[PDB]
Amino acid sequence: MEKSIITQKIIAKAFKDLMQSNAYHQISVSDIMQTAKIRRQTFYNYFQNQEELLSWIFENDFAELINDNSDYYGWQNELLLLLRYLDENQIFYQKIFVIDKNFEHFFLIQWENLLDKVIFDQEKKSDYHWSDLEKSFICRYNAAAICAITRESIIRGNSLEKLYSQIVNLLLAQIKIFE
Amino acid sequence: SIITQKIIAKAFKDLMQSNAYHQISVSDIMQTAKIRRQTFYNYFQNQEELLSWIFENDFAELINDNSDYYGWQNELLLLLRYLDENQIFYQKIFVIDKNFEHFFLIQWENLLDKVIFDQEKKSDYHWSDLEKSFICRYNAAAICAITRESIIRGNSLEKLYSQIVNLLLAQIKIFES
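And the structure:
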């Protein structure tokens, strides 16, 4: 989305930029709005504080990457863009894994949402005999794997995009047996 | 002498069924085991050491104490059956020991190494070292998470067997030459 959230997106970009090179708690609202080039008080039309801004970033950015697009068959492109986003924002996310103990659970749910999208898109392309139980299992199994691998890579400072071909290939192999 | 240690462990596991970990004493354990109390300390300094011993011994048997040709599929099935038989015990462990998950993950990594080894004995593959390492890390993480969740939920782990095997075989098949 763009038109209904223009200012929020500018403020969030500013914050993400500062998180590349400053510790989270040393970024004030004043700093964010200086970087955004918007009058400070405007921040409060939208967020009470930096925690609320973080929450918004997590909800918006993952939805935008996974769901907010037009594509009929999109999951492979979405996965690539998600890995690229995590690489670009690796320092931000390393920091969040330190600051927010509940983030790991949110992160896993994001991967689950991606797997739900994989299933959604595949069922548009081909016919499958997977039961409801089997679809749940494939999603939970793979979401857990990708969550663990990408969390570790983020924390370690290893590139996520380098894993893309291997992840796609393993997912497609598993999907195929249910044709 | 595996024998006395196993009696003590069996007694502690049974007390853990219906008693909170912290409310089980060495006296309780040894009375249940029917073995003179002081014998405990020939083997374990305390309850935490006893727990650690159970983890190391049980998983070493499940992963390392089989015949060479038993195979990863039977090994997985045996692990799943062990987790079912000890489901209530592990439900508690996932509560009280927030480091057990790391140990558990290593056990699944060990099994995945055996999967690769067994498959390379059966057939021939074009995977690189990096590709096979990745398959192992990816699937060990998946199986670790899925079995923990099923344990906590109180679902059948043995029921997961075919589901896991099918997804693993599907991944390995793409590297077969």
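Sequence lines, in order, name chains A and B.
For the first sequence, our numbering assigns the number 2 to the initial residue and increments by one for each residue that follows.
For the second sequence, our numbering assigns the number -13 to the initial residue and increments by one for each residue that follows.
Using N, Cα and C, we set each Cβ at its ideal position, and we do this for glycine too.
- Residue pairing from DSSP places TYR111 of chain B in a beta bridge opposite B:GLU162.
- Taking 9 Å as the Cβ-Cβ cut-off, the stretch 113 to 132 of chain B approaches chain A at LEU116, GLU117, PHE120, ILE121, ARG123, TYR124, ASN125, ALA126, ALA127, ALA128, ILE129, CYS130, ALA131 and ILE132, given in chain order.
- If you look at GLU3 of chain A, you'll find it isn't in any alpha helix (DSSP H); DSSP assigns it neither H nor E.
- In the DSSP annotation of this structure, the continuous segment of the alpha helix (DSSP H) that includes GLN77 of chain B starts and ends at 73 to 82.
- Look at the stretch 154 to 173 of chain A: the residues with a C-beta under 7 Å from a C-beta of chain B are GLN167, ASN170 and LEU171.
- Residues of chain A with a Cβ closer than 8 Å to the Cβ of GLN157 of chain B are, in chain order, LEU171, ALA174 and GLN175.
- Listed along the chain, the chain A residues whose CB falls inside 7 Å of the CB of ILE160 of chain B are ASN170 and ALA174.
- Contact check for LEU109 of chain A against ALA145 of chain A passes: the beta carbons are separated by less than 8 Å.
- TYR142 of chain A places its beta carbon 8 Å or farther from that of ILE160 of chain B.
- Counting the other Cβ atoms within 10 Å of the Cβ of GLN3 of chain B gives fewer than 16, which makes it exposed.
- Per DSSP, the unbroken alpha helix (DSSP H) holding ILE49 of chain B starts and ends at 33 to 50.
- For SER31 of chain A, the enclosing alpha helix (DSSP H) starts and ends at 30 to 37.
- Taking all protein chains in view, the Cβ of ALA64 of chain A is surrounded by fewer than 16 other Cβ atoms within 10 Å, so the residue is classified as exposed.
- Judged by their CB atoms, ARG67 of chain B and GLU162 of chain B are not nearer to each other than the 8 Å cut-off.
- With a threshold of 16 other beta carbon atoms within 10 Å, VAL101 of chain B meets it and is buried.
- The closest CA to that of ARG23 of chain B, considering only B:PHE30, B:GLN31, B:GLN33 and B:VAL12, is found on B:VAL12.
- Taking C-beta atoms as the reference points, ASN85 of chain B and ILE49 of chain B fail to come closer than 8 Å.
- With 16 or more other Cβ atoms from the protein chains shown falling within 10 Å of its own Cβ, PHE26 of chain B counts as buried.
- In this structure, A:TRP57 is the residue among A:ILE139, A:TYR25 and A:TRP57 with its C-alpha nearest to the C-alpha of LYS10 of chain A.
- Inclusion of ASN78 of chain A and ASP69 of chain A in the CB contact set at 8 Å is not warranted, their separation being larger than that value.
- The beta-carbon distance between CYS140 of chain A and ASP117 of chain A, rounded to whole angstroms, is 6 Å. This is short enough to meet the 8 Å contact definition.
- From the listed residues B:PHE120, B:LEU154, B:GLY57 and B:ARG134, the smallest Cα separation to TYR76 of chain B is found for B:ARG134.
- Around the beta-carbon of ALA24 of chain A, fewer than 16 other beta-carbon atoms lie within 10 Å, marking it exposed.
- Taking a 10 Å sphere around the C-beta of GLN93 of chain B, we find 16 or more other C-beta atoms and assign the residue as buried.
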